[PDB]
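S.K.: Here's my sequence, what's the structure:
(one chain, ligands or ions: 2)
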Amino acid sequence: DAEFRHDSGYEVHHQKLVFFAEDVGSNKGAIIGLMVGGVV
Ligand SMILES: OC[C@H]1O[C@@H](Oc2cc(/C=C/c3ccc(O)cc3)c3c(c2)O[C@H](c2ccc(O)cc2)[C@H]3c2cc(O)cc(O)c2)[C@H](O)[C@@H](O)[C@@H]1O
Ligand SMILES: OC[C@H]1O[C@@H](Oc2cc(/C=C/c3ccc(O)cc3)c3c(c2)O[C@H](c2ccc(O)cc2)[C@H]3c2cc(O)cc(O)c2)[C@H](O)[C@@H](O)[C@@H]1O
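M.R.: Numbering: from 1, shown residues only. Ligands and ions are numbered 1, 2, ... in the order given. The protein structure is shown below:
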């Protein structure tokens, strides 16, 4: 069982923007979408 202790480390203090944290990794590769109409 993992338990994370939080003591010092603020990600937002005085800045008007929704801050992006250091974990950004989504699965992307194939995106299917064939148009059947003009050029087949
Ligand atoms: O000398 C401190 C100067 O601070 C500035 O404001 C600030 C004071 C403090 C934070 C104050 C803090 C205080 C007590 C405490 O226990 C913990 C944190 C921090 C500021 C600004 O921006 C940092 C910030 C904000 C958003 C982020 O996404 C990332 C960083 C923040 C920051 C956070 C942090 O984890 C570590 C830092 O060294 C700084 C003021 O504008 C100045 O006037 C002042 O002189
Ligand atoms: O090389 C860039 C080419 O861009 C194309 O337009 C685009 C390529 C891509 C994105 C490409 C992408 C690629 C790799 C990758 O790992 C991730 C994302 C996207 C486009 C256009 O608009 C989407 C958009 C833009 C602003 C927003 O606020 C919201 C959406 C964006 C979009 C983002 C997304 O998270 C998921 C999507 O399906 C689409 C043009 O049609 C091409 O001509 C051009 O060659």
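S.K.: drop to CA atoms for contacts and neighbour counts, all remaining ones
M.R.: OK.
S.K.: Next up, phi/psi of the residue positioned nearest the centre of the chain, please.
M.R.: The C-alpha lying nearest the average C-alpha coordinate of the chain belongs to residue 24 (Cα atoms, centre = their mean; 4.5 Å). Taking degrees, to the nearest 10, you get phi -140, psi 100 for the backbone angles of residue 24.
S.K.: For this structure, which residues are neighbours of ligand 1?
M.R.: Contact residues (Cα under 6 Å from any ligand atom) of the chain with ligand 1: 9, 10, 11, 12, 13, 19.
S.K.: Spit out the contact partners of the second one.
M.R.: If you count contacts by Cα atoms under 8 Å, 6 or more residues apart in numbering, residue 10 has none.
S.K.: Residue 4 versus that one, what's the distance?
M.R.: 15 Å (Cα to Cα, to the nearest Å).
S.K.: The fourth one too?
M.R.: Counting by Cα to Cα, the gap between residue 12 and residue 4 amounts to 19 Å.
S.K.: Pick out whichever of these two has more residues nearby.
M.R.: Taking other Cα atoms under 10 Å, residue 12 and residue 4 do not tie; residue 12 has more neighbours (11 against 5).
S.K.: quick one: contacts for that one?
M.R.: By Cα under 8 Å, 6+ apart, residue 12 lies in contact with residue 19.
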